[PDB]
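Coming up is one lone chain in structure tokens, specifically the form deposited in one PDB entry.
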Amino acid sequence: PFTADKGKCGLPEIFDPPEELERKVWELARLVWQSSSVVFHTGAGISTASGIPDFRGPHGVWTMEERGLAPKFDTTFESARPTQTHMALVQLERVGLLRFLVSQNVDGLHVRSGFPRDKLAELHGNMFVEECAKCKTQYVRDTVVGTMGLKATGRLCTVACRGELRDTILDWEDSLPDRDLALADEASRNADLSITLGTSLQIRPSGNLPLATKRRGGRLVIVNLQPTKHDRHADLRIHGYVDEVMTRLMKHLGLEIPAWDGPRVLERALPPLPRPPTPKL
């Protein structure tokens, strides 16, 4: 909170004009269609349309802190509903168009959305997830785990164990979880397309994973209202609200954004569902 360096905060928003936005979302369609392995990278900007403020946007947690004001929540973590973006990603995984999802978000919404945990990396941890120090068994709770920085929560392990239970929320000095970073890095190196949604890309190594896709000729799309640390490296930069982008993409792809049934946890990806045939490009 003092020692922490918060990167650049409160940069100006960019809006693509509506005909450029429409053109660019068609090109995002064309690239999704051309690709064999698609990885999505999400940050705090996908949850802003759910009432959860971001870090470095105009009213982000850190931006407001810099000006001596508070960020504002229009929801609790528990009562937050996944966005259209969240549900678009669920569907794109179910019809096999997303190989893997890498998220810096600690907000719990991917997991509560129904997104399979074996295709998700939560680089910064999950506020609803506690982990046994002894067996490493993870517990997805209906309520936020009351501590941050990999501290004792008060709860014991209930396996076959009685290990001390601790939060998954990284402090500034904490190493990223080895499993999640290992898988996110592998998915990012093998992708032929990395699509960044609602991240400023300013945190290392989280914000560098999409760069790994450009090695051996992969393409990079950044969707973001503000500039991001790697705009220069993008084949396609879309300045728009992620909900409007992802709903036009899904319409181009012939997909519906499915219903949210309330909080549900899926450990393992299901077999792939049908998807529409590909346009000639």
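From 1 onward, residues are counted along the sequence shown.
In what follows, reference is made to the form deposited with a partner chain bound, a form of this protein that is not presented.
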| item | value |
| --- | --- |
| In the bound PDB entry, the residue from 183, 97, 203, 135 that sits within 4.5 Å of the partner chain by heavy atoms | 203 |
| Any non-hydrogen atom of residue 174 within 4.5 angstroms of the partner chain in the bound PDB entry | yes |
| Residue 239, heavy atom within 4.5 angstroms of the partner chain in the bound PDB entry | no |
| Close approach of residue 92 to the partner chain in the bound PDB entry, 4.5 Å, heavy atom | no |
| Distance check, residue 152 to the partner chain in the bound PDB entry, heavy atom within 4.5 Å | no |
